[PDB]
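Same chain, two versions here, written out as C-alpha cells and called structure 1 and structure 2.
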Structure 1
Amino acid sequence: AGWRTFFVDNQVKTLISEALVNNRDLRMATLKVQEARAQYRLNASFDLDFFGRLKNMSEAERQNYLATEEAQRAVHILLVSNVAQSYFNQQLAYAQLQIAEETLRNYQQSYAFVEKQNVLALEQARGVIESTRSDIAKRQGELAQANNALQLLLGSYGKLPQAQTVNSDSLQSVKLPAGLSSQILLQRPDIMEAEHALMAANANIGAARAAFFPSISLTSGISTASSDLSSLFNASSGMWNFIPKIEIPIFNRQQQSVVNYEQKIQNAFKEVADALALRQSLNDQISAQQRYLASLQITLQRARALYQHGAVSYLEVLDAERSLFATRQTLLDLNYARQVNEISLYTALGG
C-alpha cells in the first residue's frame, strides 16, 4: 500500500482508498480506467503498455494473465495512478477556470475604461473578452471530463470534491526516504514478469539478481537522486554504465530472458532517474515562480495605493493584475506537471 505513504495530499488518498474498495473485480477496473481515458481522445506509457499488451492477446490469454500476481500488481498501480491523475486534472481545471473568470472580469473593466476615454484598441478588448469567455467554456468542459473520470474510477454516488485551495503547501512533493534501496524496483510488474521468464528458462534468481541488478541507494542524504544512481549513467553520454559480473552461474528461452532482464532493469533505473531529476527541476521552477508571484502581489498593492492618490491610470492597476493572473497560471501548469511526474515516480517505483 505504498500509495498511502507516497501521496501527501489527504483528499487524493481518500479518493484512492474509496476506489480500492469499489474495485474488487480486476477486469471491471480495467474497463473503468479505459473509459476514464478514452473520454478525452482517440505521457502514461505504463497505461499504453498495459492496454496494448492486453489487447494483443486472446480472451483466454487475458483471463489467465489477470490471475498472475504481476497483473494484479499492475492493475493496482493502474487504478491508483489514474484516480490520482483524474483528481489533479480536476483540481487543475477548477483553478484555471477560476483564474479565467477573474481574467474575464479584469478585461471587462479594461474595456469599459477604454471606451469612457481608439476603436482599434476598443475592439481588441472585445476580441480577448470573447476568447476568454470561450476559454472559460473549454475549462468548464475539462472539469466535466475530470469529474467523469473520477465518478467512473470510483462509483455512482456523485459526491465529487470541490476546489481545494491547498496551495503554497502541496505545491511541493513527498520527501523521499534518504537511502531508498534500489531493490524497491523488484516489485515492478515488468521486472516481476522478467523474473518469471527467468524461472522459465531454468535460471537461479538469486544469481540473476546478484549479477545484473545493482544494489544501491536511489536517493541521497536529502531525497534527491543519489550519487550512486547518477554514476550508472555516463555523463554527457547519458548511457547505462553497469558491468554485470557473473560469479555464481545463472542457470541450473534462455539468453532472451537475460537480455529482457538487463533491458527492464536498465530502463527501470532510467525511469527513476528521469523522475528524480525532473522533480528536482520542477521544485526549483515552482519556487522561483513563487518568489516572483510575491513580487507581483506587492507591485499590485503598491499600484492600488498610487491609483488612490491619482498617481497612475486605472489601466495600470488592471495591467498589474493581468501579470498576477499570468503567473498564477504558470504556477498552476508547473505544479500540475510536478504531480504528473510524481505519478511517474510512484509508477516507476512500482507501487
Structure 2
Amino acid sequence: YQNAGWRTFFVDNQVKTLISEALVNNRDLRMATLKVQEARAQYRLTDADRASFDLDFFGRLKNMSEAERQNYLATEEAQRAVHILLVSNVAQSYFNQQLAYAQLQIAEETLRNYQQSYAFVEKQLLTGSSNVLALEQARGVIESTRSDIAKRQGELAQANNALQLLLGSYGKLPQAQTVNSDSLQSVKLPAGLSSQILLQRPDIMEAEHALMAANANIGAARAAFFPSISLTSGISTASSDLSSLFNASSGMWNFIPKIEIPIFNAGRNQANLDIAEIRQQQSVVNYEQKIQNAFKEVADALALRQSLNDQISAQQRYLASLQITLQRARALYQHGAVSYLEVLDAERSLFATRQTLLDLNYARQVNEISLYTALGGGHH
C-alpha cells in the first residue's frame, strides 16, 4: 500500500497516471530493474553510437553475485528500493518528455520568427538597406535552429522510448501538455515534517537490518543516534532544527549522540567475543554515516528548491515585462511607429526567456524527484 508516498508527493495528475500505470505493468521486481536499466541506457545511446540513487543501486547490484542479488531483493529494503527506483524513473522520463515537447515548440516558433525576419531583409536589401554578410548570417541562425529542432526531436524520441519501456506495451504516451508560465513555482510541503519519515529510506532500513543482525536494540539505537526533529518550517523550507544540525559555514555535522541505554547486550560471551563486537561497532558506525547523509540530502534538496523557486520567480517577472513590451510594440507597429523588425526582435527576447524558464522549471522537477528520493518515498 506504499502508493501513499508517490500519490501524495507528486502534484501533477498526468505523472501520477503514468506512475500508476507503470507499477501495474511491473509486478516482477527483477524485470522492473531491467526496464529501468534499459530506459536509462538509451539516453547514454547519444554518447556511445557515434541520479546518485540509481548509481548506488545498480552499482550495488552488479558487484553482487547472482545468488546474492536474489537474496537481497527478497528483503524489504530492496522492494522499497525498487519501488522508489521505478517511481522516480517514470517521473523523470515524463519530465524529460514534456521538457522536449516544450523546447521543440519554442524552437519552431523561433524558426518562423527567423524566417520572417529574413524574408523582410531581402526585400529591403534589393532597395539597399543591409549587408550581404548580415543576410548571410541570418541564413546561418535559421540553419542552426533547424539543427536544434532535429536535436530536440531526438531527445523527444529518447524520452518516449524510456517511457514506453517503463510503461509496457499498452501505455498511452502523453501529448504535449501546454505550459502556463504563471504556475511553475513548486508546490507547498507539509509543515513540521517529522524526521521519523527518513526511517523508510532503503539505506536506513538496510542499516537497521544490520543492527538487528548484530543483535541491537533498535529502539535504543534510534534513541541514541537518530535526531528526532522536524524537517520543515511553517513554509516548505528547511526547519531551524534541520539547519542547526550543520555547523554554520562548514556544513560539518553537529549531532553528538548520547547513549542512555546500552544498544547491545553482553550477549553470548564465550568465544568470538571481539569479532561480534567489531560487527556491533560496524553496524553502528554505518548507521551513523547513513543518518547524517540522509539528513544532508534532505537539507541540500530543500535549499536547492528554495533557490530554484527564487530563480523561477525572477524569470516569470522578466517574462511578464517582455510580454507587455511585445504587445505594445505590436500596436506601435500597426501605427507605423516602429519597424516590423523591432517587433520580431522583441518576440525573440520572449522566446529566449521562455526557454530559460523551461530549463529552470525542469531543474526544479529533477530536484523534486531528489527530494522524493531523499525522503525515502514521499512524505506520508
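Rigid core here is just the name for the largest C-alpha set that superposes within 1.5 Å across the two forms. By convention here, residues take numbers in order along the sequence of structure 1, the first being 1.
- Among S236, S227, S168, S134, whose C-alpha is off by 2 Å or more between the two structures on a rigid-core fit? Comparing both forms, the shifted residue turns out to be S168.
- Report, in Å with one decimal, the C-alpha displacement of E247 between the two structures after core superposition. So the C-alpha of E247 has moved 0.6 Å between the two structures.
- Query: After fitting the core, how far does the CA of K159 move between the two structures, in Å?
  - Reply: It moves 2.1 Å at the C-alpha.
- Item | Shift in Å of the C-alpha at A112 between the two structures after core superposition | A112 C-alpha displacement between the two structures, core-aligned: 1.2 Å.
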